[PDB]
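Per-entry structural report
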Amino acid sequence: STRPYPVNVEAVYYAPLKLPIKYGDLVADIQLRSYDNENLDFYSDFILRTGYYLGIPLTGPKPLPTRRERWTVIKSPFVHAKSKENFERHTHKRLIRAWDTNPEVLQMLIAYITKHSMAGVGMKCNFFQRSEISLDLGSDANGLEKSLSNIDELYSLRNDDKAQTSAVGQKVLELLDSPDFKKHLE
Amino acid sequence: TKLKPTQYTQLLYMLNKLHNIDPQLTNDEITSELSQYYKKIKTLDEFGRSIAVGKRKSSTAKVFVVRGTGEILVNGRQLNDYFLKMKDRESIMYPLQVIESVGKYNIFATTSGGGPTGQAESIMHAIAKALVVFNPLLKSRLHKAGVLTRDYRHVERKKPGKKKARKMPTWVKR
Amino acid sequence: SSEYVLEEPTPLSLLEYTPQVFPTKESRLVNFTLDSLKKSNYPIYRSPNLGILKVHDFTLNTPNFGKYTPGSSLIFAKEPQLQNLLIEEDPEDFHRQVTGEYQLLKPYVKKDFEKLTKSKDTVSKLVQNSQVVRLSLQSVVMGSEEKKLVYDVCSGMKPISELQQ
Amino acid sequence: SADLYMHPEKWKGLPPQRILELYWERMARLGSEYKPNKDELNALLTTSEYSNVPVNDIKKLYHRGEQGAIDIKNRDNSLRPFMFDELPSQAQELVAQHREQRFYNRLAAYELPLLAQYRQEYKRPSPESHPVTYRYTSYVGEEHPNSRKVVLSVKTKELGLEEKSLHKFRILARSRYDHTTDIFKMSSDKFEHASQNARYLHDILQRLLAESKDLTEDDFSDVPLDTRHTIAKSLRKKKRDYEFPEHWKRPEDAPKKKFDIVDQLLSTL
Amino acid sequence: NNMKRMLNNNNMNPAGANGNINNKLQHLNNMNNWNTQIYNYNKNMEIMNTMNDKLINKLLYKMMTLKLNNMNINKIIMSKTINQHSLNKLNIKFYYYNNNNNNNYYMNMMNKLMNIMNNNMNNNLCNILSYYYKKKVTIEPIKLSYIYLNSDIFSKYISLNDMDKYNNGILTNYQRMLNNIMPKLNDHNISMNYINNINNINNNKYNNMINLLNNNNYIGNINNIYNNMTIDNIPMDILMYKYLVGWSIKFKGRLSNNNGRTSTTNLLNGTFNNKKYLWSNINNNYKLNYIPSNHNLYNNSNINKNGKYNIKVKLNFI
Amino acid sequence: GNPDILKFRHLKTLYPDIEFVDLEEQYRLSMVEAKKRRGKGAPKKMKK
Amino acid sequence: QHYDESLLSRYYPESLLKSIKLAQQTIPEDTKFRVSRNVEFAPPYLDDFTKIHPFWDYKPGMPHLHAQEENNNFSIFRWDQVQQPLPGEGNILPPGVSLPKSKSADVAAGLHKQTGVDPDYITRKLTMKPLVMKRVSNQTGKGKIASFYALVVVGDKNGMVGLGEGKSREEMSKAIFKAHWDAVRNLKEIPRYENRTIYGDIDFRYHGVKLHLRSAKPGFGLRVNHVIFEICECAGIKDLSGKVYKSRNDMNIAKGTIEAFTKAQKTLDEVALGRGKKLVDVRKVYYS
RNA sequence: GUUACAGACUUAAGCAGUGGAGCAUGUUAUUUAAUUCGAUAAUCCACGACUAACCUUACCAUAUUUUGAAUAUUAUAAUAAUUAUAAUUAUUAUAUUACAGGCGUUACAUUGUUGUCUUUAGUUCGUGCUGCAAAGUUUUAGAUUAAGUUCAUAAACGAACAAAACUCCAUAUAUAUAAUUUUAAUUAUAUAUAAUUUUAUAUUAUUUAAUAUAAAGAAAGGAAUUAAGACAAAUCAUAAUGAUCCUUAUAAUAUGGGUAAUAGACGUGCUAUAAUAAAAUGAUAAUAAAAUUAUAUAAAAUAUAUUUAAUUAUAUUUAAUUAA
Ligand SMILES: [Mg+2]
Ligand SMILES: [Mg+2]
Ligand SMILES: [Mg+2]
Ligand SMILES: [Mg+2]
Ligand SMILES: [Mg+2]
Ligand SMILES: [Mg+2]
Ligand SMILES: [Mg+2]
Ligand SMILES: [Mg+2]
Ligand SMILES: [Mg+2]
Ligand SMILES: [Mg+2]
Ligand SMILES: [Mg+2]
Ligand SMILES: [Mg+2]
Ligand SMILES: [Mg+2]
Ligand SMILES: [Mg+2]
Ligand SMILES: [Mg+2]
Ligand SMILES: [Mg+2]
Ligand SMILES: [Mg+2]
Ligand SMILES: [Mg+2]
Ligand SMILES: [Mg+2]
Ligand SMILES: [Mg+2]
Ligand SMILES: [Mg+2]
Ligand SMILES: [Mg+2]
Ligand SMILES: [Mg+2]
Ligand SMILES: [Mg+2]
Ligand SMILES: [Mg+2]
């Protein structure tokens, strides 16, 4: 009815898109635990959606088996031990796995997820770093400087058009920049 | 809420008789009045064998049944080696025995979970389902024999006060 | 009934929310900095103290906050402002976190043991005992100086009395 | 500006509602440390035409809060009958859930596309150069003591070793080296931080490699590979090694493609 | 056949017809059965958090009662708090009751209390809580205009405020007022109407799908699928619980000055069965696997001169 | 638990403006007063 | 469906346009878009989320989970009124309901529904009077179960009178209402000489009570048992003498006296018709 | 200390037991400085107590604490945080009373909760009608069901708490997801659909209802829920509170002892009294499920008991994982 609903709205209304996996280089897997479903499933869906945009090829909520912590108790405060009541608690577990991403993008995703987290859901992340066999923390000061430069590049304000800002993050950046911080090691 | 069964039966009787009027002689008015009161297939694989999964107690049996001469392999080994009790073997055979097709079909069973007798029963169940695909006309016969029924008999849990499911601890009067 | 004011997401807004343990070197430095800020009692997880309220500038992060053994009640110490606030930022902590430096203790040599005790077999036994202790203490987590003291006590280089202080 | 309530001197020229809002803000921000102001009072007096209150009365109210109001002036209306203008508890909870859902939908629509700006193509490190995989774990909201756990894991054939040295390395590894999958892994939880633990693991690996490449008066050519731990592990697990016999297959008995004429007609592309 | 297949693939709607689901306006999230909405991987930490939450609840209860120069003691009733533990942040929340444009110019005691919760820049209660949890806390009060919309509040209020009306015996007027809170709603009629509305909605969506249709299961554009479906029409009809159908309130204990014995006194109104679940696709669900979702039960036990007593309340909400 | 937790004492420290009422304490005080009145108050403690 | 930028700007605000463009860039034109059956992310109605709703979205300045504001900034400093009132129409009234002497009017309305009686007449001209107001009980297995019994004469003061009894386990007001209802259902035209007294000296037995009611000269008032008096006031009898013998059970008096009025009385005209004679009233003829 | 019918683990079959033996455990009694207190017909007796060495413990002996665990009031003094050498606050110290504290006594003062009647089918409200009325009818003449659930009949017509149903587990099917190295896809988990099963031919009794037969189906259970009332049933020893009593003691801490004493008795169990039943052995390790492992689970392997070795038990030392 002459009202152009763009593609993002359409995507929201439908199921979440998933990018295909080029190589099986499991970068990170994220397990989501909760004592119920509805929130957890929603959260997983949201994670998938954000992963799509950050192009991360996320697989999807593979349900790992639910736990069951049972506990029985005599109903009465005193005696009547023949009458007993049970209690249970189901730890519902879902798995996400990111498949191909440059670390920074993955970090951003994870940071975004934890920012807009839901009520009942706990989270655990296993990150995987394919490093070479031999390593060196000898050529140090230069490597530190490079790392600082990379950080600066990452956290640069491109256009201040009322974007999201954090005071703590700004402070951290300022600390990283400082001469005292550079001095630390030597 | 004021509708009674007897009233409904009467209504049905009235409708049915009207409907029964020979379709050629029926009217438009009658039909208008009566208008108010109206209202996946299994196949063989690439290699020509019918997969089927059966269950009993804790057991699960995925069974590949194929048209080659009748030999058995339960869980990657010989039938007499796996099932020591002859009863279990007889049970397994029974779907092929109700049909005259023991010797016709090669069977490759793969079980998991439960104990031996339950596993054998699950295999049998799977085999019947597999057979049903080869000839759908025998399905009714298999059902009659009592092989197509999934045996529901599930182990009852231990209830709190009771020792086992039903076994209660001793009662005393004095 | 109003327009949705879209504030754009940025890496800076998602800073703080970065994982505390992430492989990257850049991330590690950031995490360390965040930890140092937390130690300093910077306003993270809370609204800041500025020059508006004067009397009610209270904090709960005192030297022994959620702890019993120091005999007191809840101590409402005054917070600094955002100006006039120091950050701890210690070198040892940096070494632990950013780089992967660890102390490992020192293995006690036989010569040191010979200084105290006379017989050779006894010295060798003492050395063995010290070695055994060392690996166990490496495995355990306690405290840099305290652990070293314990190790010394176990060896016999220091007496039992130095623990009870 | 945001810092406006703090300065009562500036707001006389504003509208009355706005002035009231500023006053309320001021009262809120410094609750116990509130201290009346002349300019603020004047503003409040000016506003008085907005909400029907006399000039003396407003001033009195400003001076004395609830006591003044009481002086200026009730029946209990707790069980007054329902006028149908407010949802119950469950209802309100359901509404809140729905609000949350809507918020998340909005985020998905307009913030996640923005997030796609910060997007990089995968820069793969080759398995030839980067065989080792240090896996780190992090519990997000919590402070688990397993966050320190780091796990190195390498295929032994991917390590740059000669055949004699490789065998020696495997022998040294003992339980850490699995032989079915040619994989050697080890985890360290000894140190406080994760990075420390990773460094320690790396150092161990390096030491192991150095030992493997020694060969001076220590070969280990005549100590066969101990595979007891691996067989124990295999026993603990179950196996599905068996397969369908290949000579039992019947491709001739398989269901042939059934001729669908309308589908064929349709397929003009 | 293709069209039918496409429909089957896309056939979803709000539950409650006779391909459907219970939407977030049609049932409670089971997380809203518990009061500490949390999962942590270290269970010790989780336990510590739930202890903290419980302690904060008591503190909040204590705060809720104010004084005004020893003249008036306005006892603000509050619900049991519900603590939402996201990864980022805690959020505490509670429902509360409080009993001409002259009050634009002074802050009420209740207002001041509410301001203290989040608005006092450095000094606020949320800030102080944040030290106990190591994450940003947000207390949200929600005002209820009636006493009987929340069960806990209803029971609590009667326990605290209306002592005199039942201490010797339930006064007649008070009992009458309790009886005639709600206007005796035909719950059967309402449930049936709701079901009919749901059916109509389903038909509308189906009709739209048909219109669009005139191996891939994509229909037309969103505007044409949800042709007549809007925020003005659907949400409020779909909203499940809205109408206090039936309620029971029990006073129990030593509520008799002459008598030494106890006195169970029960007021009953409406009905506690729900007829939306009886003849439709929507099914009843059980909170903590023992309380029908629609029900909400609570009690509060104030001490008297004679000794202890309590006040059970139980509402139904269609 | 965490021994440093907010108490009613502090709710006077943090928010002096709001005249709070601890109900249980008040009740206890009233009971004590009643006991004193009807000759059932606590006996005066020995010092020695 | 990939729309142009200008078209988007026409319908959508300037803030979200960039985000839309990005979404278009990322998501291809050839897209399947599956329907997630096992979980529903989006709502059951179509909505472009550009407009924040007052009721159905979170209130902007209010604090909550998913606040997206600083710990200092929360624009909400008055908690006297409710924050999020109900959208569109203020009410949530079901179909066929309404918002809240009155009791008498309600009775009259109910009578009009049940038995087609004029409500206005019931409200105005009829005036009621309780005669007996017992509390009454039954020994049930649960226990002694009390019940409020009323007995309430109603009557237009022009010879139209009715007795009625009613009962409620709940408090006496309900019982009285029921009695009133019953009375109005049982309205009855009593005959009376000169619109002031009964015709003859009646002597009537109702169960226990033996009634004796003498006629009266005008001005001589009601000189009878209190129940009888009450009934007469409602039934328009100005002048009456009489005395109750045997039982003086209030209820039975009330029942007996109206029965006597309706039944024991004969109007002069009726008597004349029966006998075929003139039956003159001498005083009337005289003109006093 | 009454009629009459109907019901089920009531009885009857049947299978295994108790009652005899020894041991375990609870109880009794008696003993003891103390054997802490309660539960003590069904509805106590491996019950409160899902672990009594110390602790827990409440009991006893001997020691030693006296505003003590709190809250408030009134004063002196000391330290630390914040500000631009002073001050504001927060705390601590020493005291100062009101008190705090009490597993002391009364569940025959209470709360909440529980047991038994009870998953038994009962327990009541509007309007109408009957009776002067308290009341009755509804809520039953029949019958049937597991059933106040239902059809037949009826001055009744509707309506609630129970019943049933929705619920959970388990089952069958479908869809989704899992790059089939966290794999068990023979799986797990979200979302549906499915039955309190349906249809037809006959044979008995009166359009239906039981039996039988047939064809259609994976279609067959368990759990939770145990109403009103009653038993002054159980609990003041989960906890709280009324009244009452103790306040250098009936409150508080330590060291040891006791709760484990033993004539007879009473329950619950365990192990037995041998061949339709016991023991050795069984590594291409016959076949499970459910659940636990950051107050840990402890693999392989070495050493000793033990000439081979395996088994079993310890020690040595921690590989792996905080977990499909
Ligand atoms: Mg009558
Ligand atoms: Mg028997
Ligand atoms: Mg004997
Ligand atoms: Mg014996
Ligand atoms: Mg006692
Ligand atoms: Mg005893
Ligand atoms: Mg002791
Ligand atoms: Mg006391
Ligand atoms: Mg004691
Ligand atoms: Mg009790
Ligand atoms: Mg007792
Ligand atoms: Mg009856
Ligand atoms: Mg009866
Ligand atoms: Mg039921
Ligand atoms: Mg598999
Ligand atoms: Mg009962
Ligand atoms: Mg008793
Ligand atoms: Mg009792
Ligand atoms: Mg007591
Ligand atoms: Mg106590
Ligand atoms: Mg003592
Ligand atoms: Mg004992
Ligand atoms: Mg027992
Ligand atoms: Mg034997
Ligand atoms: Mg071993």
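Structural notes, computed from the coordinates.

Rules behind the numbers
- Positions along each chain are numbered from 1 by the written sequence. They may not match the entry numbering, and residues without coordinates are not shown.
- As a convention, the first chain written is A and the first ligand written is 1, with the rest following in written order.
- Each value listed here was derived from the chains shown, which are themselves a piece of a larger assembly.
- Computation of side-chain values covers all heavy atoms of the structure but excludes hydrogens and water.
- Helix and strand assignments follow DSSP, with helices taken as H or I runs no shorter than four residues and strands as E runs no shorter than two, numbered in order from the N terminus.
- As a reference, a globule follows 2.2 Å times the number of residues to the power 0.38, and the radius of gyration itself is taken over C-alpha atoms.
- Burial classes: relative accessible area under 20% of the type maximum marks a residue as buried, over 50% as exposed, and values in between as partly exposed (1.4 Å probe, protein chains only).
- Computed with the Shrake-Rupley method and a 1.4 Å probe, the accessible areas treat only the protein chains shown as cover for residues.
- When charges are counted, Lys and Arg contribute as positive and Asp and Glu as negative, whereas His and the chain ends are disregarded.
- The atom standing in for a charge is NZ when the residue is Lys, CZ when it is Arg, CG when it is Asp and CD when it is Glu.
- The contact criterion used is simple: two residues touch if any of their non-hydrogen atoms lie within 4.5 Å.
- Here the quantity called buried area is the total loss of accessible area, with a 1.4 Å probe, experienced by two parts when brought into contact, counted for both.
- Put simply, a salt bridge is a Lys or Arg side-chain nitrogen that is within 4 Å of an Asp or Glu carboxyl oxygen.
- Side-chain rings of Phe, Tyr and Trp, where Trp is taken by its six-membered ring, are said to pair if the distance between their centres is within 6.5 Å; with planes under 30 degrees apart they count as stacked, over 60 as edge-to-face, and otherwise as tilted.
- Counting as a charge over the ring demands two things of the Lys NZ or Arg CZ atom: a distance within 6 Å of the ring centre and an angle within 35 degrees of the ring normal.
- Whenever two N or O atoms come within 3.5 Å, that pair is a polar contact, provided that in protein one can donate a hydrogen and the other can accept it, and provided that, for residues adjacent in sequence, both atoms are side-chain atoms.
- Residues are grouped as follows: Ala, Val, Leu, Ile, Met, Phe, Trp, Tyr, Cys and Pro are nonpolar; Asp, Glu, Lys and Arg are charged; every other residue, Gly included, is polar.
- What makes a patch is a set of residues exposed beyond 30% relative accessible area and free of salt bridges, joined within 9 Å when like-charged and within 5 Å when nonpolar (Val, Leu, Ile, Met, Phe, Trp, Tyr).
- Think of it this way: one heavy atom of a residue within 4 Å of a molecule or strand is enough to make that residue near it.
- Two strands qualify as a pair provided that DSSP identifies no fewer than 2 bridges between them.
- For our purposes a nonpolar core is just a set of buried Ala, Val, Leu, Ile, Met, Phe, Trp, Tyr and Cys residues, chained together by side-chain atoms within 4.5 Å.

Attention now goes to the overall build of chain C. Helices and strands together make up the secondary structure of chain C, namely 6 helices and 3 strands. Taking 2.2 N^0.38 as the reference for a compact globule, 165 residues should give roughly 15 Å; the C-alpha atoms of chain C span a radius of gyration of 25 Å, well beyond that estimate. The principal-axis extent of the C-alpha atoms belonging to chain C is close to 90 × 40 × 30 Å. Looking at chain C residue by residue over its 165 residues, the buried ones come to 45%. Accessible surface computed for chain C: about 9400 Å², of which carbon and sulfur atoms make up 55%. Once the 20 positive and 21 negative side-chain charges of chain C are each reduced to a mean point, those two points are 13 Å apart.

The next subject is the interface of chain E and chain D. Taken together, the contact pairs 67 residues of chain E with 54 residues of chain D. Summed over both sides, the interface between chain E and chain D buries roughly 5300 Å², with carbon and sulfur atoms accounting for 58% of that surface. Considering only the surface of chain E that becomes buried against chain D, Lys 24, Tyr 105 and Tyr 146 of chain E emerge as the three largest contributors, covering 16% of it. Counting across the interface, chain E meets chain D through 1 salt bridge. Between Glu 143 of chain D and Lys 134 of chain E there is a salt bridge, and its shortest N-O distance comes to 3.7 Å.

So, about the packing of aromatic side chains. What characterises a pair of aromatic rings is the spacing of the ring centres plus the angle enclosed by the ring planes. Evaluation of the coordinates by the stated rule reveals 50 aromatic pairs over all chains. Aromatic side chains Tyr 13 of chain A and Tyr 226 of chain E sit 5.6 Å apart centroid to centroid with 55° between the ring planes, which places their arrangement in the tilted category. One end of the pair, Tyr 13 of chain A, is in helix 1 (residues 7–13); the other, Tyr 226 of chain E, is in the loop between helix 9 (222–225) and helix 10 (234–238), on a second chain. A residue is classified by how much of its surface remains accessible, and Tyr 13 of chain A, at 11% relative accessible area, is buried. Note on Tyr 39 of chain E and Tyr 41 of chain E: the rings are 5.3 Å apart at their centroids and 90° apart in plane angle, and the pair reads as edge-to-face. Here the two residues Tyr 39 of chain E and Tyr 41 of chain E agree in accessibility, since each one is buried. Cluster of aromatic residues (ring-pair linked, three or more members): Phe 42, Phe 46 and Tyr 112 of chain A, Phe 103 and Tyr 104 of chain D together with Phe 41 of chain G. For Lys 249 of chain D, the ring lying beneath its charged end belongs to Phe 47 of chain B, and the centroid distance is 3.9 Å.

Each partner contributes to the interface: chain C provides 10 residues, whereas chain F provides 11 residues. Of the roughly 920 Å² buried between chain C and chain F on both sides combined, carbon and sulfur atoms contribute 64%. Looking only at chain C, the three residues that lose the most surface to chain F are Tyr 68, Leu 74 and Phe 76 of chain C, adding up to 46% of its buried area. For the pair chain C and chain F, the interface holds 0 salt bridges. Joining chain C to chain F, the criterion identifies 1 residue pair in polar contact. Of the residues assigned to the side of chain C that touches chain F, the class counts are 6 nonpolar, 3 polar and 1 charged.

On the surface, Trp 71, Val 73 and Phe 87 of chain A cluster together into a nonpolar patch covering about 310 Å² of accessible area. Considering the arrangement of structural elements, one finds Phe 87 of chain A in strand 4 (residues 84–89).

Now for the protein's contact with RNA strand H. The local shell around RNA strand H holds 174 residues, among which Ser 76 of chain A, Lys 78 of chain C, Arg 254 of chain E together with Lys 167 and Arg 169 of chain G are the closest. Close to the protein, within 4 Å, the atoms of RNA strand H belong to sugar or phosphate groups at a rate of 76%. At 2.6 Å from a sugar or linking oxygen of RNA strand H is found a main-chain nitrogen or oxygen belonging to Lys 308 of chain E. Between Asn 252 of chain G and RNA strand H, the recorded distance is 2.9 Å, taken from a side-chain N or O atom to a sugar or linking oxygen. Tallying contributions element by element places helix 1 (residues 23–37) of chain F first for the surface near RNA strand H, with 7 residues.

Among the 8 residues in strand 2 (residues 59–66) of chain B, 6 count as buried, and that is most of the element. Between strand 1 (residues 49–56) of chain B and strand 2 of chain B, which pair antiparallel in sequence order, lie 2 residues; one of them, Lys 57 of chain B, sits at a positive phi of approximately 50°.

Below, the discussion takes up the pattern of salt bridges. The final tally for this structure, using the stated rule, is 47 salt bridges over all chains. Between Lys 24 of chain E and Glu 38 of chain A there is a salt bridge, and its shortest N-O distance comes to 3.9 Å. Residue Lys 24 of chain E is found in the loop between helix 1 (2–10) and strand 1 (36–37), and its partner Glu 38 of chain A is found in helix 2 (residues 38–53); the two belong to separate chains. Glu 79 of chain C serves as the salt-bridge partner of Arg 46 of chain C, at 3.1 Å between the closest nitrogen and oxygen. On the criterion of sequence distance, the pair formed by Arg 46 of chain C in the loop between helix 2 (25–40) and strand 2 (58–59) and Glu 79 of chain C in the loop between strand 3 (77–78) and helix 3 (91–97) is long-range, its members being 33 residues apart. Comparing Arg 46 of chain C with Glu 79 of chain C, the two get one shared label, buried. Connected via shared salt-bridge partners are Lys 39, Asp 90, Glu 92, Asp 93 and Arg 96 of chain C together with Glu 192 of chain D.

Highest in contacts among the 15 pairs of chains that touch are chains D and E. Separated in space, chain A and chain F share no contact, their closest pair of C-alpha atoms being 22 Å apart.

Attention now moves to unusual backbone geometry. Even without a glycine there, the phi angle at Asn 289 of chain E is positive, about 55°. Positioned with a positive phi, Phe 33 of chain G is a non-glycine residue whose angle comes to about 60°. By the element assignment, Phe 33 of chain G lies in the loop between helix 2 (17–26) and strand 1 (51–52).

Moving on to the nonpolar core. The biggest cluster of nonpolar side chains holds 185 residues, and the ones touching the most others in it are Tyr 110 of chain D together with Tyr 132, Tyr 148 and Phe 154 of chain E. Of the residues forming this core, the biggest block, 9 residues, is contributed by helix 5 (residues 89–110) of chain D. Dropping the residues within four chain positions of it, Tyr 110 of chain D is found in contact with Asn 8 and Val 9 of chain A, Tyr 4 and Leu 6 of chain C together with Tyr 12, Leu 16, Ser 19, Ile 20, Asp 48, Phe 49 and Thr 50 of chain G. Core analysis: the next-biggest nonpolar cluster, separate from the first, contains 31 residues, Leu 131, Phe 204, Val 224 and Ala 260 of chain G among them.

Another aspect to go through is the environment of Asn 32 of chain E. Secondary-structure assignment places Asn 32 of chain E in the loop between helix 1 and strand 1. Each C-alpha atom, one on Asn 32 of chain E and one on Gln 84 of chain E, is 9.5 Å from the other, the two residues being 52 residues apart in sequence. The residues touching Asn 32 of chain E, leaving out its near neighbours within four places in the chain, are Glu 93 and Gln 97 of chain D together with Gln 37 of chain E.

A separate point is a negative patch on the surface. All names here are of chain A. Together, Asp 152, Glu 153, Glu 174 and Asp 177 line one region of the surface with negative charge. Of all the secondary structure elements, the ones that give two or more residues to the negative patch are helix 4 (141–154) and helix 5 (167–177). Mapping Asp 177 onto the fold places it in helix 5.

Turning next to the pairing of strand 6 (residues 121–131) of chain A. Buried residues dominate strand 6 of chain A, accounting for 8 of its 11 residues. The pairing of strand 1 (residues 28–34) of chain A with strand 6 of chain A spans 7 bridges and is antiparallel. Looking at strand 6 of chain A, one finds that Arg 33 of chain A is bridged to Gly 122 of chain A. The pairing of strand 6 of chain A with strand 1 (residues 132–139) of chain D spans 8 bridges and is classified as antiparallel. Opposite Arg 130 of chain A, over in strand 1 of chain D, you have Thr 133 of chain D as the bridge partner.

Honestly, it's all geometry; don't read function into it.
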